[PDB]
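The data below hold one chain only, encoded as structure tokens and taken in the form deposited in one PDB entry.
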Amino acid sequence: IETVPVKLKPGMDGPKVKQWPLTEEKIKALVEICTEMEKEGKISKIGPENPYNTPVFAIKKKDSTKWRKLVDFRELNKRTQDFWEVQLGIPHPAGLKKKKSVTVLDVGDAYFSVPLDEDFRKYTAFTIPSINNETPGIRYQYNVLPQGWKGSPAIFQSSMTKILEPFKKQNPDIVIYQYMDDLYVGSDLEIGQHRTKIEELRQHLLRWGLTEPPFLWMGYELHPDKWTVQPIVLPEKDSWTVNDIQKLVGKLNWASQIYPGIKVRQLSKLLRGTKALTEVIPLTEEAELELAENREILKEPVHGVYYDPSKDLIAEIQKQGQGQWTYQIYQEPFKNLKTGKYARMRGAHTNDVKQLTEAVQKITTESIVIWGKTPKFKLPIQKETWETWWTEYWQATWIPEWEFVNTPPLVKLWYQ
């Protein structure tokens, strides 16, 4: 009820970020949403004396019929003080990713009950644009902790810890993690009763709220114990063409950067001569040995692979065709913290961008669970194409950082 003092990092001003164009329907939704928020005291109209701006848009959450307001606080979040005051930080729970089932709740509405520091409110300024600039953009700022702001969970953490307090006591085995507006609840329990337990949690937030949140009943069911990774695998053939062998040697040469003892020589020696690509080459016993030794090597994990919290997580994505995507997560090249693959994008087929966008969201979710933060993406898409379409497919309350890959990587084949 009394504000916690909040400031920007030294030497940097508040965000000034251009609002990007919005469709008519997203504009109407925001006008409708912001009008109510204004009546609830959550936001207030602002004057020209506030130069600051942060982009806003509207989305529809998974399995929902109604618009939600999403603010992109990425610029503000970079510029806001790290709140290390009470705690350096939570050590990220390692047990969350080892849980059979993890459920993701939107608790974000809980933030709206806590007022925002008066001096800091101007930095939350955002603009509802008008079609064809026919009317002035409608300018608001936040009076309370905004969703998507890095300071919101940090500040509200006090209240949150007391609310969950009775809960961890009778359920000490449950791992609970908070990231932004999301609450991640893991357990090793069977699903049916796990689901009901989740329902129990929702009731806690209700009773405290009235002393009704638009998004709270939803949940996102995950199974991190069941997430599959991708060791390097080599073909097993009775018949090897010259082409087959060239690709193998190519794949082994690439893996050799990652794995120390990979040998291509006895395999390379089969390539002796100038031969038709489709000609079948019998494997020599030297070659079969070398191929077999390489398999053993590839079965072991990479050596000297560790996570450094002081460094960025980098996620790379390859489009493999037929709705299949591959990705790797690493801080350092050739040391992968995680690799994975996705064939399942839901009703997304004819749209590559929609598939990519969903892929990015899943990879970020997994990254939030494992390390407690978001990776920086390298996207196999032209900037202008991505920047045009991604807001149309975006279902998450947070947003990661991304860069674009303009040169097709050779390595896409090796993850194929």
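C-alpha atoms forming the largest set that superposes within 1.5 Å between two forms make up the rigid core. Numbering starts at 1 and follows the sequence shown.
Separately, the form deposited in another entry exists; it is not shown, and the next lines address it.
Core-based superposition between this form and the one not shown leaves all of 247, 139, 197, 78 but one with CA shifts under 2 Å; the exception is 247. When two forms of a protein are overlaid on their rigid core, residues whose CA moves 2 Å or more are considered shifted, and residue 166 is not one of them between this form and the one not shown. Core-superposed comparison between this form and the one not shown: CA of residue 266 displaced by 2 Å or more. After superposition on the rigid core, the Cα of residue 217 moves by 2 Å or more between this form and the one not shown.
CA of residue 111 to CA of residue 219: farther apart by 3 Å or more in the other form than in the shown form.
Compared with the form shown here, the Cα atoms of residue 355 and residue 217 move at least 3 Å closer together in the other form.
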